[PDB]
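**Q** First the structure, which I've put down as structure tokens, then a few questions once you've had a look.
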Amino acid sequence: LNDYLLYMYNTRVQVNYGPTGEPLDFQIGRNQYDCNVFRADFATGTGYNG
Amino acid sequence: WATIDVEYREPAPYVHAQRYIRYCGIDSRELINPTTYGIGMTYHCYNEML
Amino acid sequence: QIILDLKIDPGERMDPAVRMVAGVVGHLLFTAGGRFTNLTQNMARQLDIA
């Protein structure tokens, strides 16, 4: 998903990267939606269903 | 010319070479579509040649 | 009811002669404000860089 929300074949939107180097650590788009929540976290289930 | 060529990033898989070579100020982290990647992008040596 | 959006295919997006004329013509053909809209939010962006 980090290689899908960043392969922009339309006009490129802005992106602010996070401090770490983990995947999905950025804020994408004009309204700067946080993308950190879609990483897997098995104690809460933060990205997937549930 | 008046740019940041080399940027030292967080610890890399091989701990002896953890430098990032950015030719002409391009932080190439995402995948590249060759049509809409270089739109609206320039650097200091190329503007002072025009 | 029916809005329109540009294609993805390269070769025409890299052609500077087609891309320059299709920005000048597009501002005299479509309505993109006020009451209704023939364009998309994404298409009208590509006609300003043109």
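We label chains A, B, ... in the order they appear in the structure tokens, count residues from 1 in each chain, and number ligands from 1 in the order shown.
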Tell me the residues of chain C close to chain A, meaning within 10 Å using only C-alpha atoms, as a list in words.

**A** residues 6, 7, 8, 9, 42, 43, 45, 46 and 49 of chain C

**Q** Select from chain C everything DSSP, run on the backbone, classes as helix (DSSP H, G or I), then give the selection as a PyMOL selection string.

**A** chain C and resi 16-24+26-28+43-49

**Q** Output as a PyMOL selection string all residues of chain B that backbone DSSP marks as strand (DSSP E or B).

**A** chain B and resi 6-8+19-21

**Q** Can you tell me which residues surround residue 30 (chain C) at a distance of at most 12 Å, considering only C-alpha atoms, apart from same-chain residues fewer than 2 positions away, and format the answer as number ranges by chain?

**A** C: 3-5, 22-28, 32-33, 36-40, 43-44, 47

**Q** Taking only C-alpha atoms into account, what are the residues of chain B at most 9 Å from chain C, put as a list in words?

**A** residues 34, 35, 36, 39 and 40 of chain B

**Q** Pull out every residue of chain B sitting within 10 Å of chain A, counting only C-alpha atoms, and send them as a PyMOL selection string.

**A** chain B and resi 9-12+29-39

**Q** One number please: CA of residue 38 (chain A) to CA of residue 28 (chain B), in Å, one decimal.

**A**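 Rounded to one decimal, the two atoms are 22.8 Å apart.
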
**Q** Which distance in Å separates CA of residue 15 (chain B) and CA of residue 23 (chain A), to one decimal?

**A**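 Interatomic distance, CA of residue 15 (chain B) to CA of residue 23 (chain A): 20.1 Å.
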
**Q** Which residues come within 12 Å of residue 31 (chain A), counting only C-alpha atoms, excluding same-chain residues fewer than 5 positions away, as a ChimeraX atom specification?

**A** /A:13-16

**Q** Applying 12 Å and only C-alpha atoms, which residues near residue 44 (chain B) remain after dropping the ones on its own chain fewer than 4 positions away? List them as a list in words.

**A** residues 1, 2, 3, 4, 5, 23, 24, 25, 48, 49 and 50 of chain B

**Q** Write the residues of the preceding selection, restricted to N, CA and C atoms, as a CSV table (one decimal), in the first residue's frame.

**A**
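What follows is the written file result_0.csv:
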chain,number,residue,atom,x,y,z
B,1,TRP,N,25.5,23.2,-7.1
B,1,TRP,CA,25.5,24.6,-6.8
B,1,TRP,C,24.4,25.0,-5.9
B,2,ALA,N,24.7,25.3,-4.7
B,2,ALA,CA,23.8,25.8,-3.6
B,2,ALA,C,22.6,24.8,-3.4
B,3,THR,N,23.0,23.5,-3.3
B,3,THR,CA,22.0,22.5,-3.1
B,3,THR,C,22.5,21.5,-2.1
B,4,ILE,N,21.6,20.5,-1.7
B,4,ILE,CA,22.0,19.5,-0.8
B,4,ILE,C,22.1,18.2,-1.7
B,5,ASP,N,23.3,17.8,-2.0
B,5,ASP,CA,23.5,16.6,-2.8
B,5,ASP,C,23.3,15.4,-1.9
B,23,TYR,N,20.7,13.6,-6.4
B,23,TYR,CA,21.1,14.5,-7.5
B,23,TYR,C,20.1,15.6,-7.6
B,24,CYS,N,20.5,16.8,-7.8
B,24,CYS,CA,19.8,18.1,-8.0
B,24,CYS,C,18.5,18.2,-7.1
B,25,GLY,N,18.6,17.8,-5.8
B,25,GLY,CA,17.6,18.0,-4.9
B,25,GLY,C,16.3,17.3,-5.1
B,48,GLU,N,19.8,29.2,-12.9
B,48,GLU,CA,20.8,30.2,-13.2
B,48,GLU,C,21.5,29.9,-14.5
B,49,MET,N,21.1,28.8,-15.3
B,49,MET,CA,21.5,28.7,-16.6
B,49,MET,C,20.5,29.3,-17.6
B,50,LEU,N,19.2,29.2,-17.3
B,50,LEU,CA,18.2,29.8,-18.1
B,50,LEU,C,18.2,31.3,-18.0

**Q** In Å, how far is it from CA of residue 36 (chain A) to CA of residue 41 (chain C)?

**A**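 Value for the CA of residue 36 (chain A)-CA of residue 41 (chain C) distance: 26.5 Å.
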